[PDB]
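Take a look at this single chain, the form deposited in one PDB entry, given in structure tokens.
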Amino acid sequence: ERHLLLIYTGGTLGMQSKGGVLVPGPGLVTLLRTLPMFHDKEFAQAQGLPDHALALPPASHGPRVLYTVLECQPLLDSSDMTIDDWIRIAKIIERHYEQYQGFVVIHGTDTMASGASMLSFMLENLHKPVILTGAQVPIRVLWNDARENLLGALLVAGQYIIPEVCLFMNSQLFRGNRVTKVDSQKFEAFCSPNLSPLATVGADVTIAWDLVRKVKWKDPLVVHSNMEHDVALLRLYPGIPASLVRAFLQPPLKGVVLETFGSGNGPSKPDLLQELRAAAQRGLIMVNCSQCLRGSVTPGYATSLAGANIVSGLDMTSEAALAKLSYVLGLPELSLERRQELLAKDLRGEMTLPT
């Protein structure tokens, strides 16, 4: 028997349709109890389970999966979520860590990749699956992707010891800090462009155990509430003026992810480079990520002006890069040099180092 906590933060999955427009949809648990795929009534009465606890029907193999639904209030559109909301989620997981074997987090798709990346860093030494999921269509609308996404997340978290923050959608389990949202309409909404899925679901369940990170049983969970808030993302576009870059990098900003062209090239006009130099002199740390969905940043852009304050993001998604930068800048009592060293390491499986 394995018990999960299902944390419902918001998003389309739980909403209601009302005159062709989506509104909030509380009482997820009341709906799930009425669905045989989500709740086995017969086993519940036959075990006299409390009625806050749902029980999945028996699967092919594995142990029986039970879960409790924790509904956050207020429920959020994911576009409104911030570092503080993700910290709250991490603190919920922390508080209930010993009582459950895994966690599923229902989350809006819009910023799910950012949430998964943040939680990935916040939950240091994670020993248990934390699976984010969501849907393009609410579970209360008849024709939807939510039923199978939610069930799959529960089954994965319930049956496998994958000690990572993941995203489950459309029969695929991705490493959370490797995903990005690529399609605003299709059920295949997400992509892990520089890493295989951790798992695939079909007639069989296939898991890339070669990739899945190792449980460090000896070390306790450490939850980082200390995440630097003053980090930003800046997309360089052709002809972007130095004065706009200057304004964007003004105090109190501590870190920025620069999204550059192709293999990591920004404009080389002297007034723009000077603004990057000046920000590095103020102590600002810059991480260079590619605007391209796939591939990697080759080192070199602006290094002759910003020195070691500009760090290559290699093949990281911008979501991962922003999370890592927030994490590293939030660590207490480190030199600048130590921060730069940490940014250049693969801390959670988010970055592939050249071989």
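Numbering starts at 1 and runs along the sequence shown. Shifts are known only where both forms have a C-alpha. For clarity, a rigid core is taken as the largest C-alpha set superposing within 1.5 Å between two forms.
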Taking only the CA atoms, which stretch has the higher mean B-factor in the record, 6-14 or 20-28?
20-28
So, looking at the entry's B-factor column for Cα atoms, which has the higher mean, 319-327 or 46-54?
46-54
The residue of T303, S296, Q291, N288 with the maximal C-alpha B-factor according to the PDB record is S296
Please pick out which of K181, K269, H229, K91 has the largest Cα B-factor as recorded in the entry.
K269
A59 - Cα temperature factor, lowest/middle/highest third of chain:
highest
Split the chain's modelled residues into thirds by Cα B-factor; is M118 in the lowest, middle or highest one?
lowest
Can you tell me whether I310 has a C-alpha B-factor in the lowest, middle or highest third compared with the other modelled residues of the same chain?
middle
Per the entry's values, where does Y97 land by CA temperature factor relative to the rest of its chain, in the lowest, middle or highest third?
middle
Where does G202 sit by CA temperature factor within its chain: lowest, middle or highest third?
highest
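Beyond what is shown, the protein has a form deposited in another entry; the following relates to that form.
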In a superposition on the rigid core, which residue from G62, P26, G300, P36 has a CA displacement reaching 2 Å or more between this form and the one not shown?
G300
So the Cα-Cα distance between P267 and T303 shifts by 3 Å or more in the other form; is it shorter or longer than what we see here?
closer
Given that the shift is 3 Å or more, do the Cα atoms of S296 and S304 end up closer or farther apart in the other form than in this form?
closer
After core alignment, residue runs (3 or more) whose Cα moves 2 Å or more between this form and the one not shown:
17-21, 299-308
